Amino acid sequence: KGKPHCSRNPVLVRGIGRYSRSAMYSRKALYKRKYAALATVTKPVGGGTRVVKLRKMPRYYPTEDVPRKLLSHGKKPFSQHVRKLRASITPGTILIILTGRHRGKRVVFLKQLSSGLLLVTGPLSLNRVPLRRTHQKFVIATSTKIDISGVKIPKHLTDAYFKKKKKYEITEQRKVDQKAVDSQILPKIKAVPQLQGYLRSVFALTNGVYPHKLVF
Amino acid sequence: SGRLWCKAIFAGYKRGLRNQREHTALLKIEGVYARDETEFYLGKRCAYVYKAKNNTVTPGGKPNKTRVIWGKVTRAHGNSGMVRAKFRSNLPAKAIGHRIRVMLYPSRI
Amino acid sequence: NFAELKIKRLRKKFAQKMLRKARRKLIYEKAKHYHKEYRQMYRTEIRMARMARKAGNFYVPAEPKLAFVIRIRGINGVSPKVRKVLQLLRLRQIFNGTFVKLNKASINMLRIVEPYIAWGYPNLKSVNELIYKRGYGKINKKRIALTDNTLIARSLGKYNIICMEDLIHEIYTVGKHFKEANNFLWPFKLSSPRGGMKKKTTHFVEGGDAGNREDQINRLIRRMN
Amino acid sequence: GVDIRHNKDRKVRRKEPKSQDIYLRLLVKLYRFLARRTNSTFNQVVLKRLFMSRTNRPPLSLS
Amino acid sequence: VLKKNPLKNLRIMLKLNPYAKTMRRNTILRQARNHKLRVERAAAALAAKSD
Amino acid sequence: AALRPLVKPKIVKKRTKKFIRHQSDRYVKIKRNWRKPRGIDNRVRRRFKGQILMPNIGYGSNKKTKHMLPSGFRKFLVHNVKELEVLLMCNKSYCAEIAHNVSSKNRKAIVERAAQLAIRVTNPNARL
Amino acid sequence: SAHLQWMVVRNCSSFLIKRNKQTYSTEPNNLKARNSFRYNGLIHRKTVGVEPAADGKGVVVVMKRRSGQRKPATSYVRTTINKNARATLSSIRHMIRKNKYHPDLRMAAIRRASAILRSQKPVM
RNA sequence: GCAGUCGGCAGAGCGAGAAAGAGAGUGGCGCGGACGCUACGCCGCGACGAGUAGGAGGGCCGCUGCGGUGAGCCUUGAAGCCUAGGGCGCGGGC
RNA sequence: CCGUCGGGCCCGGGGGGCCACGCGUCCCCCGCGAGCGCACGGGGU
RNA sequence: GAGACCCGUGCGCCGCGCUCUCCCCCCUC
Ligand SMILES: [Mg+2]
Ligand SMILES: [Mg+2]
Ligand SMILES: [Mg+2]
Ligand SMILES: [Mg+2]
Ligand SMILES: [Mg+2]
Ligand SMILES: [Mg+2]
Ligand SMILES: [Mg+2]
């Protein structure tokens, strides 16, 4: 019986620990740790009692079948992938949505979701952008920021919450969640001057204004 | 409400003098006249928007006459800010000198 | 029965696992030893220059015993003596590279093929990355990539060359079995050199590419490899 | 471009009997398996001799 | 077998060369040691200007 | 609704245009079917730049998709009801095609048989 | 023997179809209808065949008998199976495997039983 | 390289740096297990690919006629011919 | 005598990394521990 | 992997090192 312990060497870089083999042998204390040396259900009938087999035979075989594939190793599903966020994106940053029906509009980033999508609202009282997901490769991260350390994001605002369902109406829960986040983040917006109008404005390219020259 | 793409010109195909490789296009982006300025646009998506006679379907919309060859920026071309781009279909040579929208959203910043 | 046959075959598997870990520890400690050999040669050469500079004399280094030769011209218009020496050097394409051990007989052959080769004296790093990136064996007359240590050790293991680091050590410190350890190697098929060329058709000392660029072959190896 | 001559790449040695004799071909089918799956070089010489022409298989007299 | 570069693939490099693990554990530990000695000396210079 | 193959790889073709015979546009007496040009001064044989391309073996298709239909099957000519049951086992990758001289009273029989055998027919509604 | 008869008929049989870069054998007991040595239904001492029954329901299985090889009248033994699909495949698998009767034809016969049974179940 | 599909007559090995035996003896419940193999077949590695005159190989390229064969096709429409139809083949062609 | 981040597993006497960590005898010298996972790991999910 | 004392992918080779079959302590929910 053993409660698990963390790995006794830290990560130096990826793939290599800090301490070597004999050092990790001492830190695991293996010098004092020498050690030495389903298919059938029986069911009654009315006869007697039968041995019923589960996993019964296939009634039909396809005329041709694909062979089983070779094994691969580094290939993980999307629920297990690692989540990279750009270091210019921090909680409370202002984003510019570039793609959807709210394109060019400026929004307040809050939290990265578990699928890597950026949970965001530039508030519905300013943008008409609700609590909504965006994508970091499709948003522009400007270096203007609001401190949202004291902001309680609800724990249920997840990707399962934000997933499309199947004639669309906002539910009462989605109505009250936007209020519950807006009533908190809006006094932080209005405590820095002109940012409410800045978020009300949209981003547009004009003559002579080039994106490789403009710093955001 | 306003423009969200950079202006570029289909300056020609990737070519030597007597051999043009139609699969790669040379873009001239407005405002980019040095190879140091090209680093923003590398990897960005580029669109040749054009109109034809028969209607085609518009994503998130009703069918109209506008049609798009999509593409993306691959690398810079020369010291003077010209850029190499690759499109899904090779761009028609009738578009040489005409406008390509360079979108902003393979964002890296 | 079969209960003793099963443990008899598991004993064979366990014995082979212990043999593999013994060979693994051998490869580890021998590469550890080669690291110290390289550092003793490097610091001994520096110290040998320093003790002569204290005394006011000159320390002449040993004339180099390993050359890396890159064929830089094409297969068109080659005079037959030059072509013969190039196929004896296993350079039958442009930008093929081989290691050559240096003596009078080899240097006079490189002297024949001076307009067609560019060569010089390779670094330990150049040998390392040449074997690691472009190293291909000649096993059973086929070009097998050096992906396993057993892939070298089945051919050169009888000369006590059993891993990539004996192979690199045998090539670098030009050893007793250099001919076998270099003929085992396929001639390296290097890329075009990145950053362009100075002048391919003239000698290196007259501002071009061909010839003996003495320790300057390593700069070329970074751009070709 | 590689400087190699291709005049003698293709070996001009028989891979099969030119005869369409099915009895000789069943013998060749036996000795292909034997010459491949045994360590004996006799089976290889037998298979390559089963390949040959009648002139390269001259008769053996009793004496 | 697909050839992977041991100069870019760490555990292909360790498969061919078990001592590369030790040589890359050192000159990362040694490099961090040298960098903190360098910043300790850079701080000692600006501290000695304050005497 | 339709009968699918066992697998559907993308059928990559190195060329899709046919290999036109040299100078078959300038004449009606020269049919479009390919002939190797064998003249001494011939630009197409000499492989000059910007000319009609000659067929090479390098143009040959992938062996996994050679002779494969765009549906993903490979066709087999069928002349009667009896020559369908050779495809009774090859049905997931090989399809049937009724020959052009099979009458309209027998095409019905071959189609209604292949519907039982789940064999895909390239031309089910042909004559009728 | 069987290999000799194969070296006779491998390219010169009347059951040979060579069309459209394919090859088929129209032989009565050829499972998969493939011109092969293994799937040939005439040249072996032991053959399995599977075909639909005389009436439209069921699968008849054919086994070649050991004695009268030169006697085609009493050579093949036919057995009609009209059960459910799982029982029919159980019967064919037990006829091939428990008898050790030409055992590499086991799932060729099983898949042919499945194909005939699917062809006998009607389309909507 | 593969005849090793060696299955309740079972035991599912033979890529592994180092000549040879997963040798054998005797004293001290539940009935299961993809594909394959036209062996003239199938599979795997590696290197290579210019071509006149010329030589050789493969043609499930094509025409006509004969000998066998397809319980073949066909007046519910053969040959031929036309076709902005669908396709296949590197191609001959289908 | 002097010098060597010299070579001797850095010969030998009085804080930090090591593919070093059973015992018993004789002399030399100063063959089968078990489980669980993670992965720069035998060619994309 | 089990194995003639049992019949289970229908994630395993090489190579790297993680925890548990020992005992304590600290820190955070
Ligand atoms: Mg020249
Ligand atoms: Mg460059
Ligand atoms: Mg070539
Ligand atoms: Mg030639
Ligand atoms: Mg010749
Ligand atoms: Mg001429
Ligand atoms: Mg040729």
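Here's what I pulled together on the structure shown here.

This part takes up the overall build of chain C. Per the secondary structure count, chain C includes eight helices and seven strands. With the C-alpha coordinates of chain C rotated into their principal frame, the extents come out at 80 × 55 × 35 Å. A total of 225 residues make up chain C; the buried ones form 38% of that total. If you take every contact in chain C between residues at least 6 apart in sequence, the share linking residues at least 24 apart comes to 70%. Surface summary for chain C: the accessible area is close to 13,500 Å², and the carbon and sulfur share equals 55%. Side-chain charges of chain C comprise 52 positive and 16 negative groups, with the mean position of each set lying 6 Å from the other.

If you check the shell around RNA strand J, you find 30 residues, and the closest are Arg21, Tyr35 and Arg68 of chain A together with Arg11 and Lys21 of chain E. Among atoms of RNA strand J positioned within 4 Å of the protein, sugar and phosphate together represent 52%. The side chain of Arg8 of chain A places a nitrogen or oxygen atom 3.2 Å from a phosphate oxygen of RNA strand J. Between a phosphate oxygen of RNA strand J and a side-chain N or O atom of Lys28 of chain A, the distance comes to 3.3 Å. Of all elements in the fold, only α1 (21-28) of chain A, α1 (3-55) of chain C together with α1 (10-16) of chain E reach the threshold of two or more residues within the surface near RNA strand J. A class-by-class count of the residues in the surface near RNA strand J yields eight nonpolar, seven polar and 15 charged.

Listed per partner, the contact involves 23 residues of chain A and 19 residues of chain B. For the pair chain A and chain B, the two sides together bury roughly 1,700 Å², of which 64% comes from carbon and sulfur. The largest per-residue losses of area from chain A upon contact with chain B belong to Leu98, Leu205 and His212 of chain A, which jointly make up 33% of the total buried on that side. Taken together, the connections running from chain A to chain B amount to zero salt bridges. Between chain A and chain B we count nine residue pairs in polar contact in total. Here the residues of the side of chain A that touches chain B sort into twelve nonpolar, seven polar and four charged.

Time to look at the side chain of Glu114 of chain C. All names here are of chain C. Assignment of secondary structure puts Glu114 in the loop between α3 (104-112) and β3 (117-120). Here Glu114 occupies a buried position and makes no salt bridge, while the nearest side chain of opposite charge, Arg111, is found at 6.2 Å. Apart from residues no more than four positions distant in its own chain, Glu114 is found in contact with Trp119, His203, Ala210, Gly211 and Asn212.

In this section: a nonpolar patch on the surface. All names here are of chain A. Taken together, the side chains of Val41, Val52 and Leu54 make up a nonpolar region of the molecular surface, amounting to roughly 220 Å² of accessible area. As for its position among the elements, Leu54 is in the loop between β4 (49-53) and β5 (93-97). Looking at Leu54, the relative accessible area reads 48%, which means it is partly exposed.

Moving on, we come to the sheet that holds strand β4 (residues 64-76) of chain B. All names here are of chain B. Here we have six strands rolled up into a closed barrel, ordered β1-β2-β5-β4-β3-β6, and antiparallel in their pairing. Adjacent strand axes in the sheet meet at a mean angle of 45 degrees when their direction is disregarded. Alignment of strand β3 (residues 45-56) against β4, held across eight bridges, turns out to be antiparallel. Pairing of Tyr48 across the sheet is with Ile69, part of β4.

Here we take up the side chain of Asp159 of chain A. Within the fold, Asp159 of chain A resides in helix α2 (residues 159-162). One polar contact links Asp159 of chain A to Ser115 of chain A, side chain to side chain, over a distance of 2.4 Å.

Moving on: the pairing of strand β5 (residues 142-145) of chain C. Residue and element names in this part refer to chain C. Where strand β4 (residues 136-139) meets β5, four bridges bridge the pair, whose relative direction is antiparallel. Of the residues in β5, the one forming a bridge with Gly137 is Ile144. Where β4 folds back onto β5 in an antiparallel hairpin, the turn is made up of two residues, including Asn140, whose phi is positive at roughly 55 degrees.

Turning our attention to the interface of chain E and chain C. Taken together, the contact pairs 14 residues of chain E with 18 residues of chain C. Summed over both sides, the interface of chain E with chain C buries roughly 1,500 Å², with 62% coming from carbon and sulfur. It is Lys3, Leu16 and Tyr19 of chain E in chain E that bury the most area against chain C; as a group they hold 45% of the surface buried on that side. Put simply, chain E and chain C have one salt bridge between them. The residue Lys15 of chain E makes a salt bridge to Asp148 of chain C at a minimum N-O spacing of 3.7 Å. At the boundary of chain E with chain C, the tally comes to five residue pairs in polar contact. Mapped onto the side of chain E that touches chain C, the elements with two or more residues apiece are α1 and α2 (20-25) of chain E. Residues of the side of chain E that touches chain C, tallied by class, amount to nine nonpolar, three polar and two charged.

Lining the immediate surroundings of RNA strand I are 38 residues, of which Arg14 of chain A, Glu29 of chain C together with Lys4, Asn9 and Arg11 of chain E lie closest. Each atom of RNA strand I within 4 Å of the protein was classed as base or backbone; sugar and phosphate made up 60%. The side chain of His73 of chain A places a nitrogen or oxygen atom 3.1 Å from a phosphate oxygen of RNA strand I. The separation between a sugar or linking oxygen of RNA strand I and a polar side-chain atom of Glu29 of chain C is 2.5 Å. Broken down by secondary-structure element, the contributors of at least two residues to the surface near RNA strand I are α1 of chain A, α1 of chain C together with α1 of chain E. In terms of residues, the surface near RNA strand I owes the most to one element, α1 of chain C, which gives 13 residues. Here the surface near RNA strand I is composed, by residue class, of 13 nonpolar, ten polar and 15 charged.

About the criteria used
Residues numbered from 1 in each chain as written, not as in the entry; some residues may be left out. Chains lettered and ligands numbered in written order. Part of a larger assembly, values for the part shown. Heavy atoms only, no water. Helix = DSSP H or I, 4+ residues; strand = E, 2+ residues; numbered from the N terminus. Buried < 20%, exposed > 50% of the residue type's maximum accessible area, 1.4 Å probe, protein only. Contact = heavy atoms within 4.5 Å. Areas by Shrake-Rupley, 256 points an atom, 1.4 Å probe, with all protein chains shown as cover. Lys, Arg positive; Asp, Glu negative; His and termini not counted. Charge placed at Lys NZ, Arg CZ, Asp CG, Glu CD. Near = heavy atom within 4 Å. Polar contact = N/O pair within 3.5 Å; in protein donor to acceptor, adjacent residues only side chain to side chain. Nonpolar A, V, L, I, M, F, W, Y, C, P; charged D, E, K, R; others polar. Buried area = accessible area lost by both parts, 1.4 Å probe. Salt bridge = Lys/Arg side-chain N within 4 Å of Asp/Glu carboxyl O. Patch = residues over 30% accessible without salt bridge, like charges linked within 9 Å, V, L, I, M, F, W, Y side chains within 5 Å. Pairing = 2+ DSSP bridges. Axes fitted to C-alpha atoms, helices over the stretch in contact; angles between N-to-C directions.

Note that all results are geometric; they support no functional claim without further evidence.
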